[PDB]
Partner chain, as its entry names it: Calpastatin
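Just one chain follows, in the form solved without the partner chain, and it is written as structure tokens.
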């Protein structure tokens, strides 16, 4: 299967340590997305890669575990398809007319106000967004929802944070 292949690659990279670095992850992802007829991207940069590693690095190592990798991978794979589905005219961007649906499909019911900020932060002048930013925005959004949830537990929707917890959850992403 697919994951069994990435396992081989993970073993070729870290062996038993089974932890990939940001640079190594970047190269793995770029072979797939950079060489895609429908994606229109230069591939993931190391900064994005470090974000990806940072948000998945549950046990503060600095690398990516294989299971963490799978969660991240199926996310990019899933969002990749949503990107292609909404970039129907193959222009290399998803428009302001399709983005709301792209986000709903990605797994996020965002409030108008929050949606508006996200768009302003990740869209270009025209209000359009490319594959790179789409994935970057979503990896962060998923990480921030996960960060919130880590401090929730009781399910109240209200959390208490001190500056150390704050910086830890926001800086390390």
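In this text, rigid core is short for the largest set of C-alphas that superpose within 1.5 Å between two forms. Residue numbers count along the first chain shown, from 1.
Between 12-20 and 149-157, the higher mean Cα B-factor belongs to 12-20. The question of which stretch, 104-112 or 127-135, has the higher mean Cα B factor is settled in favour of 104-112. Comparing the C-alpha B-factors of 121, 70, 36, 140 in the entry, the top value falls on 36. Among the modelled residues of its chain, residue 46 has a C-alpha B-factor that falls in the highest third according to the deposited record.
In the PDB entry, residue 172 places in the middle third of its chain by CA B-factor.
Just so you know, the form solved in complex with the partner chain exists too; it's not on screen, but the next bit is about it.
When contacts are judged by a 4.5 Å heavy atom cut-off, residue 73 counts as touching the partner chain in the deposited complex. Contact annotation for residue 106: none of its heavy atoms lies within 4.5 Å of the partner chain in the deposited complex.
Using a 4.5 Å cutoff between non-hydrogen atoms, residue 85 does not count as a contact of the partner chain in the deposited complex. The partner is not shown here, but in the deposited complex the stretch 8-22 reaches within 4.5 angstroms of the partner chain through a heavy atom at 9, 12, 13. When the rigid core is held fixed, the Cα atom of residue 17 travels 2 angstroms or more between the shown form and the other one. For residue 123, a C-alpha deviation of 2 angstroms or more is recorded between the shown form and the other one after rigid-core alignment.
Comparing the forms between the shown form and the other one on their rigid core, the Cα displacement of residue 144 stays under 2 Å. In comparison with the shown form, the Cα-Cα distance of residue 6 and residue 46 increases by at least 3 angstroms in the deposited complex. Compared with the form shown here, the C-alpha atoms of residue 32 and residue 14 sit at least 3 Å closer together in the deposited complex.
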